[PDB]
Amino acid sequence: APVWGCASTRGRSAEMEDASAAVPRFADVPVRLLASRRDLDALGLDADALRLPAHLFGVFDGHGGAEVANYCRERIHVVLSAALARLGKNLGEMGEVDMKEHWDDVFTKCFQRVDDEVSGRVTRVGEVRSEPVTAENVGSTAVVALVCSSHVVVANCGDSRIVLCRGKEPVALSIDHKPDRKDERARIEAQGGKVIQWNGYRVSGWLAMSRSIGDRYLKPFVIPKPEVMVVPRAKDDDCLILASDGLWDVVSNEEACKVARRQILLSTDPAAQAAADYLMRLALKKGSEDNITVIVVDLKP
């Protein structure tokens, strides 16, 4: 059973477009994505047959509406769970493998699949639906953390962030997809797009982020391609903080981690819930009028 807390509020904004997911035992990670077949065959264990439980935590900051963010909360963990199960069977007939390349691959196709369902370009489920989920101008960020006993796999899409506390220090596990970022800027202008300083740097002067699920009008400048990072766990790991920009716009990584260690030291766990509720109510004291969503996952035994 995972140890986590989740806090979310509309705040001073007019309505609520944030969404969050916390699914324990959502899938079994194929151990061929964390250790080579040679590594476990030396001990007589079959990497194709081993089972490792995993939990999924996700924060989805929607814009133009809440329907894409709500769709990500219900579908991302289902699509990823089915992808991991099918990938675990396909690595039975395939020899050696590039584990981090397959991690990038399974998350990219999972995010692209939910994006294709949102845009109505593929069919979705007893009833089938084929028309788009919502209008052309609705989208959502997606920061996702796959948590198992040994590893933490991170997939980020947008300006939401996940931060890990290790050694009584924050380590950012995701880089915000701001359109003025020098790789994101170069990528957008390479295809004829513009990054315009218009109340902040924005794609086409419109969207304050360069990657998101949905937003099919702003394609191919805004893409649902996630950035994946595999992080092995350690004893020094204190807690995980997944949050939308409602927190990171007024609270830094160091301020969030220090507050998210002293509430913990002192169904969801009351300790992690107290850190999430305190981090959420710290963002409301620091001059933030956006939706606030904070997920605190405790990593100590």
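The first residue of the sequence shown is number 1, and the count goes up from there.
S.K.: Count up the deposited residues without coordinates from residue 125 to residue 126 and drop the result into none, 1 to 3, 4 to 9, or 10 or more.
M.R.: 4 to 9 residues lack coordinates between residue 125 and residue 126.
S.K.: Which class fits the unmodelled deposited stretch between residue 266 and residue 267: none, 1 to 3, 4 to 9, or 10 or more?
M.R.: 10 or more residues lack coordinates between residue 266 and residue 267.
S.K.: So, looking at the entry's B-factor column for Cα atoms, which has the higher mean, 232-240 or 22-30?
M.R.: Here the higher of the two C-alpha B-factor means belongs to 232-240.
S.K.: Per the entry, where is the mean C-alpha temperature factor higher: 187-195 or 136-144?
M.R.: The recorded data point to 187-195.
S.K.: At the C-alpha atoms, which of 259, 56, 50, 69 reaches the highest B-factor in this entry?
M.R.: If I rank 259, 56, 50, 69 by C-alpha B-factor, first place goes to 259.
S.K.: When the CA B-factors of 179, 200, 167, 224 are compared as recorded in the entry, which is the largest?
M.R.: The C-alpha B-factor peaks, among 179, 200, 167, 224, at 167.
S.K.: Sorting the chain's modelled residues by C-alpha B-factor, tell me whether residue 74 ends up in the lowest, middle or highest third.
M.R.: Its C-alpha B-factor, which the entry lists for residue 74, ranks in the lowest third among residues of this chain.
S.K.: Ordered by C-alpha B-factor within the chain, which third holds residue 246? Give me lowest, middle or highest, please.
M.R.: CA B-factor rank for residue 246: middle third.
S.K.: Relative to the other modelled residues in the chain, which third contains the C-alpha temperature factor of residue 214: lowest, middle or highest?
M.R.: Within its chain, residue 214 is a lowest-third residue by C-alpha B-factor, going by the deposited values.
S.K.: Is residue 152 in the lowest, middle or highest third of its chain when residues are ranked by C-alpha B-factor?
M.R.: As the PDB entry reports it, the C-alpha B-factor of residue 152 lands in the lowest third of its chain.
S.K.: Just say lowest, middle or highest third for the CA B-factor of residue 161 relative to the other modelled residues in its chain.
M.R.: For residue 161, the deposited C-alpha B-factor lands in the middle third.
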